[PDB]
Ligand SMILES: C[C@]12CC[C@@H]3c4ccc(O)cc4CC[C@H]3[C@@H]1CC[C@@]2(O)/C=C/c1ccccc1C(F)(F)F
Ligand SMILES: C[C@]12CC[C@@H]3c4ccc(O)cc4CC[C@H]3[C@@H]1CC[C@@]2(O)/C=C/c1ccccc1C(F)(F)F
């Protein structure tokens, strides 16, 4: 059970669960267009989703949930999870986003893509914030797992309450884990609570980016810019956008 | 600089004293135009009070006028919503927009497109109820929203701007200190304090999500020309696509 | 609707 | 943008 894991054991589990870094199908023979750039990014996102599903199954407590509830959490959180991973990989690349090792973009490179620049700017700002805070990998994996469990929990009869309570108990364990990591790292008691709040407050901005990014992807689909894979179409359709 | 020297108790007192009034709606069967009228006329009157409240949140008037505008443009609907969810806490299944405007789901919907937002607001009020959110905690969370929601989209890299972001983050840390102090006063163990802090800040991600959905709904209602929106409300709305 | 995500969660 | 700016100044 996830509830009996120690903090060290929780971190080890999340760290071993980490998905691989995937490469893009970037073709340097031709210039980008709006369509080709969107094709590369959505092809990448689609391949990542399969790995994300298999990562979620390894997050302590996730497989205790009903299949309906697992679907709901992933449907709610998938873009947030892709974004936090992107912002993490981009930390050491000021001014650029590392979508893949062979696809590192600055803000001018995708300027052909309508509506991109607001989102690019927010993602860059978040990566800069993580860098400034000196976010550690152990903290990152805790935050990513918090996004999975938290984002969809509020939009979940007797059975529902126990599912909710379970998610909340696991989230509490992750809070304990973050605090333990901070303490082990030498932070004072006051710095621990200040840092915990700073990290969790960033998750509000990640939600905001996800909502904007979902509307952007919807606009690209609705304009026939890029064909989305069946899975991506389903993840997008879960958000019931206009 | 006065803000950064407040004790936890002085911060709570300041925030409690800043609180805006609870406003009324108009004193038989609702329509889409009439209900949107009542809700947007109320939101507009509240916005004027919100501006004056914001000026009383410790640290806010230390910021440039440009930065105060930016924070309120980003946060205003989140701030309206957290106030609504708070007023509705003790009325399970209802939303208390005003003391003479209390809406339930049992009532036939008179406005298209708002059931999902209605249910999310109700779920938040229920979460607050389950957590037994205290008034002193609520005012902390509302000020965190004002200061946090827009700080990530100050993209300016000039020295003055960095100092401004630094200051916002120093004030946010003070508010975190205040929340933890309230929890310590209430007899929570250190472990319970950090857990509750995290539980409350994670709800702000849900509130961001609702604001994003509510902004799209208001925009659709504007485009439908169903409701005359006030000049101020239109400009607060316009900020979210500018 | 045999949702893809539902199936993948079982494989 | 202007109305908010005016109200924040206004006292
Ligand atoms: C949804 C979208 C395309 C996929 C993006 C993505 C792909 C793979 C990852 O590991 C993470 C991500 C996070 C952001 C996703 C993007 C948000 C909006 C989007 O439709 C495209 C945005 C876009 C297009 C062109 C150039 C840059 C961007 C950027 F920066 F905004 F993401
Ligand atoms: C923007 C909108 C109308 C104003 C609402 C409001 C008014 C006064 C407050 O103190 C708080 C709020 C928060 C919710 C705001 C609303 C979100 C979408 C909206 O366009 C209208 C929604 C709506 C219309 C009719 C019946 C219910 C709702 C609800 F519940 F979703 F908000």
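Taken over region A:195-230, residues that are within 7 Å of another protein chain (Cβ to nearest Cβ) and buried (at least 20 other Cβ atoms within 10 Å of the Cβ) amount to 10. Of the residues in region B:66-77, none is surrounded by fewer than 19 Cβ atoms within 10 Å (Cβ to Cβ) and under 15 Å from the mean Cα position of the chain (by Cα). Residue A:84 passes every criterion in (1) buried (at least 16 other Cβ atoms within 10 Å of the Cβ); (2) more than 10 Å from ligand 1 (Cβ to nearest atom) apart from (2). Inspection of region A:152-171 finds no residue satisfying the criterion of being surrounded by 15 or more Cβ atoms within 10 Å (Cβ to Cβ) and within 16 Å of ligand 1 (Cβ to nearest atom).
A search for C-beta distances below 7 Å between a residue of region A:207-218 that is more than 13 Å from residue A:116 (Cβ to Cβ) and any residue that is near ligand 1 (Cβ under 7 Å from one of its atoms) and part of a helix (DSSP H, G or I), counting only pairs 6+ apart in sequence or on different chains, returns A:210/A:79; A:210/A:83; A:214/A:79. One residue stands out in region B:106-133 among those that are assigned to a loop (DSSP other than H, G, I, E, B) and in contact with a helix residue (DSSP H, G or I) (Cβ under 7 Å, 6 or more places away or on another chain): the one that is nearest to ligand 1 (Cβ to nearest atom), namely B:113.
A single member of B:15, B:47, B:42 is away from ligand 1 (no atom under 16 Å from the Cβ), closer than 27 Å to residue B:147 by Cα and within 14 Å of another protein chain (Cβ to nearest Cβ), and it is B:47. Look at (1) outside any helix (DSSP H, G or I); (2) more than 10 Å from chain A (Cβ to nearest Cβ); (3) closer than 30 Å to residue B:118 by Cβ and you find that residue B:188 fails only one, number (3). The residue that is nearest to ligand 1 (Cβ to nearest atom), among those in region A:231-242 that are closer than 30 Å to residue B:200 by Cβ and at the interface with chain B (Cβ under 9 Å from one of its Cβ atoms), is A:241. Residue B:136 fulfils the conditions (1) more than 16 Å from ligand 2 (Cβ to nearest atom); (2) out of contact with any helix residue (DSSP H, G or I) (no Cβ under 6 Å at 6 or more places or on another chain); (3) more than 11 Å from every other protein chain (Cβ to nearest Cβ) except for a single criterion, (2). Within region B:171-185, the set of residues being more than 24 Å from residue B:81 (Cβ to Cβ) and facing another protein chain (nearest Cβ under 9 Å) comprises B:173, B:177, B:180.
State which residue is farthest from residue B:10 (Cα to Cα) when the search covers only region B:152-161 and only residues that are part of a helix (DSSP H, G or I) and more than 10 Å from chain A (Cβ to nearest Cβ). Among those that are part of a helix (DSSP H, G or I) and more than 10 Å from chain A (Cβ to nearest Cβ), it is B:159.
Among the residues of region B:105-116, are any surrounded by 15 or more Cβ atoms within 10 Å (Cβ to Cβ) and farther than 30 Å from residue A:118 by Cα? Yes, because at least one residue in region B:105-116 is surrounded by 15 or more Cβ atoms within 10 Å (Cβ to Cβ) and farther than 30 Å from residue A:118 by Cα.
Backbone-built Cβ (ideal geometry, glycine too); neighbour counts: all protein chains shown. Here, each number is a calculation from the coordinates, and none is a lab measurement.
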